[PDB]
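Worksheet: one structure, shown below.
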Ligand SMILES: C[C@]12CCC(=O)C[C@@H]1CC[C@@H]1[C@@H]2CC[C@]2(C)[C@@H](O)CC[C@@H]12
Ligand SMILES: [Li+]
């Protein structure tokens, strides 16, 4: 099982947010900390993606683009997973030093988004998702959002995505019905996209007004959110869904 060996080997470790838990919870502090966490995790997601089987088959411009479009969904999905394994989805485990209870969900003014994310975390429990399933699903999320007009070399992308789908199917097949399970997992993967879209909308709006509300955006975050995220929100870049929405 070369493929699973690899996904397991490359899986990023713990990333902390740098949040000061001594200071009262305020919108500005929580969101600055989440933004900082995003920047730190972005560094890990890039090194992760670059080490994925076949990823170097993509054109270099496409390597960068798939990361830039998919990071939100990937980070939300992994955060769901950590919340499940650490808090049993009772709280959102963004980082060891940044765990949201209901009060912080309220204070972050992202309560409805946090509800959807906690629901995804709950699905990990409800569907009894295995770590191997999680790892393959996560890899497939990197290949789940692309420009409507296609990438630089779409053929390389299509083939890579195909290979990852096949890998998910094998993992299900190697389990003690297959069809139900595949249906369940593709439905779960689809459910990440609407959550990612609401956070895309939220973060874009926040960047625009960030001076006003004293929320800090680090450099990579500000740039992707103003350059790449608007492509998604304007419909130039769209998620690939398994099932019809
Ligand atoms: C991806 C992050 C940070 C990484 C993580 O664990 C999930 C989480 C989901 C909400 C995001 C946050 C990064 C910063 C964002 C985008 C804020 O600007 C508003 C929503 C935040
Ligand atoms: Li705090």
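No Cβ is skipped: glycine too gets one built from the backbone with ideal geometry, and neighbour counts run over all protein chains shown. Computed from the coordinates by the stated procedures, all read-outs in this text should not be read as laboratory data.
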Inset, instruction - Evaluate the following for residue 190: is it on the phi < 0 side of the Ramachandran plot and within 10 Å of ligand 1 (Cβ to nearest atom)? - result: no
Inset, instruction - Give the number of residues within segment 1-54 that are over 18 Å from residue 71 (Cβ atoms), within 15 Å of ligand 1 (Cβ to nearest atom) and part of a helix (DSSP H, G or I). - result: 5
Inset, instruction - Keeping to segment 208-223, report how many residues are in a loop (DSSP other than H, G, I, E, B) and surrounded by 13 or more Cβ atoms within 10 Å (Cβ to Cβ). - result: 4
Legend entry - Residue in segment 193-207 that is under 20 Å from residue 32 (Cβ atoms) and surrounded by fewer than 14 Cβ atoms within 10 Å (Cβ to Cβ) present: yes
Inset, instruction - Would you tally the residues in segment 16-41 being surrounded by fewer than 20 Cβ atoms within 10 Å (Cβ to Cβ) and more than 13 Å from residue 215 (Cα to Cα)? - result: 10
Inset, instruction - Could you please give the count of residues in segment 224-245 that are crowded, with 16+ Cβ neighbours inside 10 Å and in a helix (DSSP H, G or I)? - result: 5
Inset, instruction - For segment 156-177, indicate whether the set of residues that are in contact with a helix residue (DSSP H, G or I) (Cβ under 7 Å, 6 or more places away or on another chain), under 22 Å from residue 37 (Cβ atoms) and not in a strand (DSSP E or B) is non-empty. - result: no
Inset, instruction - State whether the residues of segment 142-150 include one that is assigned to a helix (DSSP H, G or I), within 19 Å of residue 66 (Cα to Cα) and out of contact with any helix residue (DSSP H, G or I) (no Cβ under 9 Å at 6 or more places or on another chain). - result: no
Legend entry - Those residues of segment 98-130 which are part of a loop (DSSP other than H, G, I, E, B), within 16 Å of ligand 2 (Cβ to nearest atom) and surrounded by fewer than 14 Cβ atoms within 10 Å (Cβ to Cβ), in sequence order: 101
